[PDB]
Amino acid sequence: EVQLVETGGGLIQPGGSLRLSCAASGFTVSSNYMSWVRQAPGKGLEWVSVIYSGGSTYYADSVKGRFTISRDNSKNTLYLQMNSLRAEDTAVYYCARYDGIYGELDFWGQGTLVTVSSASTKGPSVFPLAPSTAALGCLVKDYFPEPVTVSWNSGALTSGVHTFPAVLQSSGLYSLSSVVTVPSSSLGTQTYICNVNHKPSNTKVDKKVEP
Amino acid sequence: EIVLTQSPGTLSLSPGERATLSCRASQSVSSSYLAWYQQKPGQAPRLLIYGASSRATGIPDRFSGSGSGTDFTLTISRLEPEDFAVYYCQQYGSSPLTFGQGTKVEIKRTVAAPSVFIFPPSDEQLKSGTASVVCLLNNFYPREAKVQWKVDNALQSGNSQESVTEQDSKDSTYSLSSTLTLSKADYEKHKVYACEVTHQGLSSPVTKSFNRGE
């Protein structure tokens with residue numbers, strides 16, 4: 001089927017440059033009208049740039065002269081090369097296919113987060129939330145930037161899992177909790193491990209939670 | 001530039017109810033050049049309607065669109081719990097491509113009281129010299145809840161932070177975590193740590209607590 005796989009997001013300094021890639025499957029980028037769309041945290045959708053099937057390119061006024069949209073036909077990949085990045089450029093960036101006639105966006109990439117900040121990367125401290133229906137979790141504390149991914153038992157336990165939105169502490173670092181409810185009749189036999197992955201700092205922590 | 005104004009900004013309706021969303025354009029937009037998107041949390045927007053009234057691929061019958069000129073409508077004929085999302089209108093009849101500000105749709109389920117759990121800071125965290133006490137309010141509705149912290153009967157202020165999950169796509173409930181943060185020196189010089197919860201689902205506030213040395 002049709003697929004759009006995005007990479008390139010992460011932390012970069014203000015004034016810095018960063019390239020995003022969007023690898024297509026099931027169709028050609030060269031013969032299609034293609035687009036980048038961004039969404040600032042908690043905000044609406046903003047159109048960034050387009051590239052026509054015939055190669056013509058157009059840019060939002062806010063990115064003109066800083067950003068370049070392009071494609072590599074043989075790699076079947078769409079690119080956005082960004083420059084002179086500011087905090088206003090912090091957003092989830094989406095690549096999208098759209099038909100030339102009406103510019104509706106029928107296929108979207110999964111998105112990739114770009115965080116424009118001068119603050120240093122820090123890995124999270126993972127502490128257990130022990131039970132004493134039983135609730136148990138992991139406290140993912142003091143990290144920068146977003147995001148962290150939390151699974152339970154390598155993704156085998158998904159039922160009853162709540163991973164909370166991160167809160168910005170007064171220190172400038174993020175913290176969240178991930179909890180799961182389980183039958184207390186299984187606390188003796190079943191092992192519960194939270195897998196906290198923070199790719200910006202290469203931090204990959206497995207933490208066993210016990211009674 | 002064509003400005004798209006969506007109304008209402010927020011909408012809360014029960015499952016089975018009809019939902020009607022509006023998108024007003026500052027200039028005339030040809031009917032064939034208006035689209036609607038559904039965006040669920042942590043996901044890309046998904047095309048729902050294109051050309052004012054045509055359904056996209058894999059889109060259920062309950063979604064429909066209509067309108068022309070400057071007034072366009074998205075309708076969900078019968079709301080389902082999975083319809084929790086933000087909905088955006090979009091035009092490309094004129095450059096540049098513009099989006100509406102979005103309509104956040106909440107599913108108005110029946111009152112559900114929270115299950116309250118309290119967590120003492122682990123031993124490992126104490127090594128760093130900081131103590132986080134976590135109060136969990138699990139699977140409740142509506143979103144509004146009051147969480148008060150009490151340390152040896154002393155009502156705390158300005159030393160806790162709250163986080164709420166996005167509305168669940170199946171049971172339409174929320175979960176809330178409250179984290180009380182104190183220094184290890186302050187934590188080990190107190191005994192009773194309580195989390196009081198006031199919520200519509202509860203006839204009276206519920207207090208969960210623990211003793212540090214118990």
Side-chain angles (χ1 to χ4, degrees), chain A residues 2 4 6 35 37 39 43-47 50 58-61 92 94-96 98-99 101-111 125-139 141-142 147 160 162-171 175-179 181 207 209, chain B residues 1 6 30 32-37 39 41-47 49-51 54 56-57 86 88 90-93 95-102 115-126 128 130 132 134 136 138-139 161-166 168 174-177 179 181 210:
Chain A
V2 177
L4 289 179
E6 298 183 53
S35 184
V37 174
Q39 186 170 41
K43 300 275 188 292
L45 300 163
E46 186 194 10
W47 167 77
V50 55
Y58 303 98
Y59 301 91
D61 287 337
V92 180
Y94 299 98
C95 63
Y98 84 84
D99 60 294
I101 321 171
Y102 170 35
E104 98 253 16
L105 293 69
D106 47 26
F107 226 96
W108 293 68
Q110 91 277 182
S125 304
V126 182
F127 308 114
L129 296 163
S132 58
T133 312
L136 56 90
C138 280
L139 179 66
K141 190 169 161 59
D142 293 331
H162 294 293
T163 301
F164 287 89
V167 289
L168 187 67
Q169 308 169 85
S170 65
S171 64
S175 192
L176 67 74
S177 299
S178 177
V179 293
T181 49
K207 189 77 189 186
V209 186
Chain B
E1 195 202 46
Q6 283 186 249
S30 172
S32 45
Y33 300 93
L34 199 128
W36 292 87
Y37 301 90
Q39 180 176 36
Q43 284 180 21
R46 174 168 182 157
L47 180 72
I49 306 293
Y50 69 95
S54 305
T57 172
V86 187
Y88 296 96
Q90 180 249 333
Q91 69 81 22
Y92 193 71
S95 280
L97 193 153
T98 56
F99 288 95
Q101 82 279 14
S115 309
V116 185
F117 304 96
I118 190 159
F119 295 97
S122 65
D123 280 327
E124 196 202 354
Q125 196 189 16
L126 304 172
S128 66
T130 310
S132 292
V134 181
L136 171 72
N138 215 31
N139 300 334
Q161 284 187 115
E162 287 200 329
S163 181
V164 191
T165 55
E166 297 280 3
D168 190 78
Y174 296 92
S175 288
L176 193 152
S177 67
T179 307
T181 316
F210 68 94

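No hydrogens, no waters, no symmetry mates; every other heavy atom, side chains included, goes into these values. Naming: A, B, ... by sequence-line order, numbering from 1 per chain.
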If one checks every heavy atom of A:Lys141 against chain B at 4.5 Å, the contacting part turns out to be side chain
If one checks every heavy atom of B:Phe117 against chain A at 4.5 Å, the contacting part turns out to be side chain
Turns out that what part of B:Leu97 lies under 4.5 Å from chain A's heavy atoms comes down to both
Under 4.5 Å to a heavy atom of chain A? For B:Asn138 that would be side chain
Cut-off 4.5 Å, heavy atoms of chain B, and the answer for A:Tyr98 is side chain
Applying a strict 4.5 Å limit to non-hydrogen atoms, the region of B:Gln90 in contact with chain A is both
The interface call for A:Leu168 against chain B, heavy-atom contacts under 4.5 Å, is backbone
Whatever's closer than 4.5 Å to a heavy atom in chain B on A:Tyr94 counts as side chain
Okay, B:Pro121 and chain A: the region with an atom under 4.5 Å from a heavy atom over there is neither
Okay, A:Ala135 and chain B: the region with an atom under 4.5 Å from a heavy atom over there is both
Whatever's closer than 4.5 Å to a heavy atom in chain B on A:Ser175 counts as neither
Honestly, the part of B:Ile118 sitting under 4.5 Å from a heavy atom of chain A is neither
(request) Step by step, work out the side chain to side chain contact (heavy atoms under 4.5 Å, CB included) result for A:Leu139 and B:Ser132. (result) CA-CA 9 Å; A:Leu139 179 66; B:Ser132 292; 3.6 Å; yes
If one checks every heavy atom of B:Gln91 against chain A at 4.5 Å, the contacting part turns out to be backbone
When the 4.5 angstrom heavy-atom criterion is applied to B:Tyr92 and chain A, the contacting part is both
Bottom line for B:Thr165: the part with an atom under 4.5 Å from chain A's heavy atoms is both
Under 4.5 Å to a heavy atom of chain B? For A:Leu176 that would be neither
If one checks every heavy atom of A:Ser132 against chain B at 4.5 Å, the contacting part turns out to be neither
Turns out that what part of B:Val164 lies under 4.5 Å from chain A's heavy atoms comes down to backbone
Checked A:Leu129, A:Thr163, A:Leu45 vs chain B; the most non-hydrogen pairs under 4.5 Å come from A:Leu45
Given A:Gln169, A:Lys43, A:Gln110, the one with more heavy-atom pairs under 4.5 angstrom with chain B than any other is A:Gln169
